Each structure stands twice: as structure tokens, then as C-alpha cells.
């Protein structure tokens, strides 16, 4: 699932007959632009620093929805540039990323609703390194999410919930193929009181990883699971903006099979995750919505057994993300 979009799906629901022809011209929504800067330092098992910098230019993001139809959609176009530096290596990656999302809802009455989300992200990119010049990578990520919601007006509480089937298939030409397949479940109880909103996201995911070289040699065959809990608090100022924060605490595990490629056969990876986001959103006059967001992320990984080459059983990622967004409503 696309994280930024998923929060739109959640909170648009909270925003809550003519003939087809008139209805066809009754979509509202927005058109907008964003920029995201991501500063990544990973101190891996080699005890050295892998530094990564990514700028994402969203030239167009399109939200459209039709209340009578109980139907929303989303399209996105992004240009992506990544530079990676580490001792004795570098890697530059340029890409175009498209996102398609469809949401069909259904009102079940008395607070209940249900629906289907289908979401598609295609990414194509070229990589430049000392060893490679213009290696093509094609990523297709499919996300199908049936959901179920409830809201109660007397108590101004409810929840969001969904399952997800997730499929990602990346082709990296000379570097082989990687397919990830899996399921997840999300439960998100939520409550509003005065200018406050509060919720907690509960999440679980189980996934399968398969990565082969072109000649069919197995790089990785592994099982993965993740869980996290993420409280969210939010406060709207009477005049007028909205400040919000998310804190995530999570764990995941990657357990390699006997068949896993050099040299991870039967090796387990354990990762502790901690994330913090602060954001502020404000409408400007009647049409424009502006948004800025900062996220800190820290992830620490250890493996079940050292193979022999590692300088330390510890791999730590520190990540800063900055995001700005301007949206024009219609």
C-alpha cells in the first residue's frame, strides 16, 4: 500500500440522485504538486556508512471523487533521483513512478460501510555505477484491499479496517528478478473530540520473498512478517491549521530457507523499527491546501549468526524525510 495515499483514503471516508450523464460531470477533488527529500545513512554489518539521498518530484497528483457514485480515484506522476555513496562504491538511479488507485465504496447503513481498493504503482528506472551503465529496472506493485468501516455520531468514534493482498515484481535485467507476495491486515480505531483527533494503527503483514539471478540461481528465498503499532494525534487550530504527529513502534523478521543464496541459507534477520512524524496542514483561502511534513526513522537489524565476513552483528538505518505539498481543490 502507498503510505501517503492510505491516509487520504482513511480520512476522506470521515468526510461523511441524478442520471449518469449529469453525474459524470459531478466529480470534485484536487490537482497538486509535491516534493520529497530523503536523507538515508545506513551503518551496515561492514561497520561502514552507506549514504543515500533521494529527491522525488511529484509533477502531478490528481484526486477525483464522485459522492453519488461512492467512488474515488487517484493518479500520480513522479520523477525520482537517488544518489548512493559508500566506501569504494557509488550508485545513481533515475526513475519515473506512476500511481493508479481506485476506491469503490458502499454504504451499509447505521454507520457501516465497506468497499474495494485497487492500487497500482509502476516504476521504471536506470542505474549507473562503476560496474553498470544504464541498467534498467521495472517495478510493478499491486495492492488489493477490501475494507470495512464504522462510525458512531453519538460517541464520535469508529474504526477503519482492511486486508491486503500485495504483489510486487521487480525486473532488474542482468541483476535478475525479485517477486514479493503477501497479505496484511490493518485495524485503526479512531476518535474525535473538539479540536482533537486520536487514533491507533495496528498492523500485521506476512510476505514471501523470491529473488533469482537470470540463470535461475537463487539469491534469496525467505519468509517475512511485520507488525507495528502507530498512535496518531491531531489538533486543529480554531483559526485555522492542523498540526499532527505519528509515532510507530514495530518489529519485523526475515527467515531464510535452506535454498537461500550466498550466504544466507537458514539465516534469520530481526529488525526493530521506530518512526516519528510531525506535520502541519493549512488551507489558504477557499481553494488552496498547503502541507509540510518531517519524519524521523531509525531501524536496527541483527542476524541470527555471523557468516564470517561481518565486522559486527548490527545494521542500523537513520532516515530523515522532508515533504511539502500544494493542492488546488475543485
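Positions refer to the first chain, counted from 1. Whichever C-alpha set is largest while still superposing within 1.5 Å between the two forms counts as the rigid core.
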Which segment is farther from the shown form on average in 4 other deposited structures of this protein after a rigid core fit, 233 to 241 or 77 to 85, going by CA atoms? 233 to 241
Using a one-third cut-off over the other compared PDB entries, is residue 20 one of the residues left without coordinates? yes
Indicate whether the chain is continuous between residue 311 and residue 312 or, if not, how many deposited residues are absent from the coordinates: none, 1 to 3, 4 to 9, or 10 or more. none
What stretch has the higher average Cα B-factor here, 169 to 177 or 115 to 123? 169 to 177
Between 290 to 298 and 63 to 71, which has the higher average C-alpha B-factor in the PDB entry? 63 to 71
Going by the CA temperature factor in the entry, name the top one among 88, 189, 250, 231. 88
Using only the C-alpha B-factors in the record, can you name which of 163, 148, 135, 200 has the highest? 135
Please place residue 193 in the lowest, middle or highest third of its chain by C-alpha B factor as given in the entry. middle
Quick check for you: using the entry's CA B-factors within this chain, is residue 322 in the lowest, middle or highest third? lowest
Comparing residue 260 with the other modelled residues of its chain, is its CA B-factor in the lowest, middle or highest third? highest
Residue 128 - which third its CA temperature factor falls in, relative to the rest of the chain: highest
Place residue 226 in the lowest, middle or highest third of its chain's C-alpha B-factors, as listed in the PDB entry. lowest
